[PDB]
Amino acid sequence: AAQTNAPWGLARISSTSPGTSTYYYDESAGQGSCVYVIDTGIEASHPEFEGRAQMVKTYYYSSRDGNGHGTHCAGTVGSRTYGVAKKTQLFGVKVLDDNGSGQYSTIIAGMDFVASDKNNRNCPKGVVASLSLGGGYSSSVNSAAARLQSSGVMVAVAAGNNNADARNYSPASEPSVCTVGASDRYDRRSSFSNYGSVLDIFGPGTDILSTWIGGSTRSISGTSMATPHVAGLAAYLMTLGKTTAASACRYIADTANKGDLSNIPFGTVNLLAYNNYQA
Ligand SMILES: [Ca+2]
Ligand SMILES: [Ca+2]
């Protein structure tokens with residue numbers, strides 16, 4: 001299948017070179033997989049989700065996304081127009097308030113919730129969790145991410161936007177999950193992206209168009225945006241049977257575009273997420 005005039009990030013993950021505008025993907029499109037977006041919530045009623053999104057848990061007064069951030073990330077995972085895996089099922093877990101903030105205890109609870117809740121869902125091709133959040137180092141937050149991964153969920157997390165070594169941020173610094181940096185449309189490391197040996201992979205993160213609240217769209221930047229590209233790609237690959245939740249991060253790194261990025265510090269991987277599609 002081919003989506004013409006796609007957002008640049010989608011085109012980039014289906015190309016060996018920058019500058020293309022078509023997103024090439026297998027029609028299966030993540031059908032049968034499930035992605036939990038652990039964030040500010042998801043505007044499930046947005047036409048772009050086609051009824052495939054639902055809120056399953058909130059830690060605040062409402063399950064509504066009053067911010068936009070969660071809806072944007074969910075859109076990059078699985079919206080019709082802006083999504084990597086266009087037929088996946090999306091589950092929203094609201095651990096961040098409408099200002100985009102949350103305590104570590106709540107974020108941890110949200111991860112442990114997903115590890116249990118997945119056992120109640122029909123996700124035959126597998127389960128992914130996308131965490132576009134983080135803050136300073138916490139061994140408890142890292143431990144929760146490790147638990148979620150261990151329970152059989154592919155965990156993708158943002159590297160952070162401090163232009164620093166991600167070793168000092170959580171859950172970015174947990175080695176067992178998939179830590180995602182951001183790149184721009186000219187194959188440069190995004191100027192804000194964290195780096196370091198704990199990074200597993202890069203995805204598109206600068207000027208990413210996706211869904212927003214109020215049934216709208218907008219373009220924003222961050223490692224928050226790169227992370228759902230990788231989460232969606234994992235769901236897509238799991239549906240194709242190419243990999244499993246336990247080894248998807250490794251498989252994505254193995255099959256990535258290598259050496260394409262510039263402004264990568266020595267010691268950080270030069271790997272860009274790639275779906276290896278061939279018609
Ligand atoms: Ca290349
Ligand atoms: Ca890792």
Side-chain angles (χ1 to χ4, degrees), residues 8-24 38 111 127-134 137-139 141-160 164-190 193-206 223-224 226-235 237-238 243-265 267-278:
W8 78 264
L10 300 185
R12 188 65 189 89
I13 70 171
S14 70
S15 183
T16 54
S17 62
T20 70
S21 64
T22 304
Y23 177 36
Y24 298 101
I38 304 169
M111 289 190 256
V127 182
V128 178
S130 192
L131 285 100
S132 292
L133 52 75
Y137 181 86
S138 164
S139 61
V141 172
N142 279 6
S143 179
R147 290 198 297 277
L148 181 56
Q149 177 70 45
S150 160
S151 80
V153 176
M154 191 281 181
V155 180
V157 309
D165 197 316
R167 74 200 299 179
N168 287 326
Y169 300 90
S170 287
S173 59
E174 168 53 39
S176 66
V177 304
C178 206
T179 302
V180 185
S183 63
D184 70 20
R185 74 167 70 227
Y186 298 103
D187 279 357
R188 302 174 295 215
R189 178 177 64 93
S190 291
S193 182
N194 284 352
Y195 47 84
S197 58
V198 73
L199 265 69
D200 293 286
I201 191 69
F202 282 82
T206 300
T223 51
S224 280
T227 297
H229 281 88
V230 170
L233 179 59
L237 286 174
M238 287 160 63
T243 189
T244 66
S247 59
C249 191
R250 171 176 289 194
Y251 179 87
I252 281 166
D254 281 350
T255 56
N257 281 310
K258 321 190 172 51
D260 277 356
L261 301 175
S262 55
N263 203 31
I264 304 293
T268 299
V269 294
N270 196 322
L271 299 169
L272 181 64
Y274 174 53
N275 72 359
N276 285 265
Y277 178 76
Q278 299 134 169

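Counting starts at 1 for both ligands and their atoms, following the listed order. In what follows, residues are counted from 1 in the order of the sequence shown. Computed from heavy atoms alone, side chains included, the values below leave out hydrogens, waters and symmetry copies.
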Test log, rule side chain to side chain donor-acceptor pair (under 3.5 Å), inputs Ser190 and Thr206: CA-CA 6 Å; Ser190 291; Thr206 300; 2.6 Å; yes
- prompt: Checking side chain to side chain contact (heavy atoms under 4.5 Å, CB included) for the pair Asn263/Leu261: CA distance, chi angles, key distance, verdict?
  reply: CA-CA 7 Å; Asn263 203 31; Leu261 301 175; over 6 Å; no
- request: Please determine if the Ca ion (ligand 2) has an N/O/S atom from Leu199 lying under 3.0 Å away.
  value: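 Coordinating: no.
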query: Hey, is the Ca ion (ligand 2) within less than 3.0 Å of some N/O/S atom on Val177?
result: yes
- request: May I ask you to check if any N/O/S atom from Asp260 comes under 3.0 Å of the Ca ion (ligand 1)?
  value: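 Under 3.0 Å: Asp260 contacts the Ca ion (ligand 1) through an N, O or S atom.
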- request: Please confirm if an N, O or S atom belonging to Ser17, backbone or side chain, lies less than 3.0 Å from the Ca ion (ligand 1).
  value: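 Under 3.0 Å: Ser17 has no N, O or S contact with the Ca ion (ligand 1).
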message: Can you confirm whether the side chains of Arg147 and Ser143 place a donor and an acceptor under 3.5 Å from each other?
response: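 Yes, because at least one side-chain N or O of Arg147 sits under 3.5 Å from a partner of the opposite role on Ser143.
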message: Under a 3.5 Å threshold, yes or no: a donor from one side chain and an acceptor from the other, between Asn142 and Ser173?
response: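 Yes, because at least one side-chain N or O of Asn142 sits under 3.5 Å from a partner of the opposite role on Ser173.
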- prompt: Does the pair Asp184/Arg189 count as a salt bridge with the N-to-O cut at 4.0 Å?
  reply: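 Salt bridge between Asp184 and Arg189, a charged N being under 4.0 Å from a carboxylate O: no.
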- prompt: Which atom, counting only N, O or S, brings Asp200 closest to the Ca ion (ligand 2)?
  reply: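 The nearest such atom is OD2.
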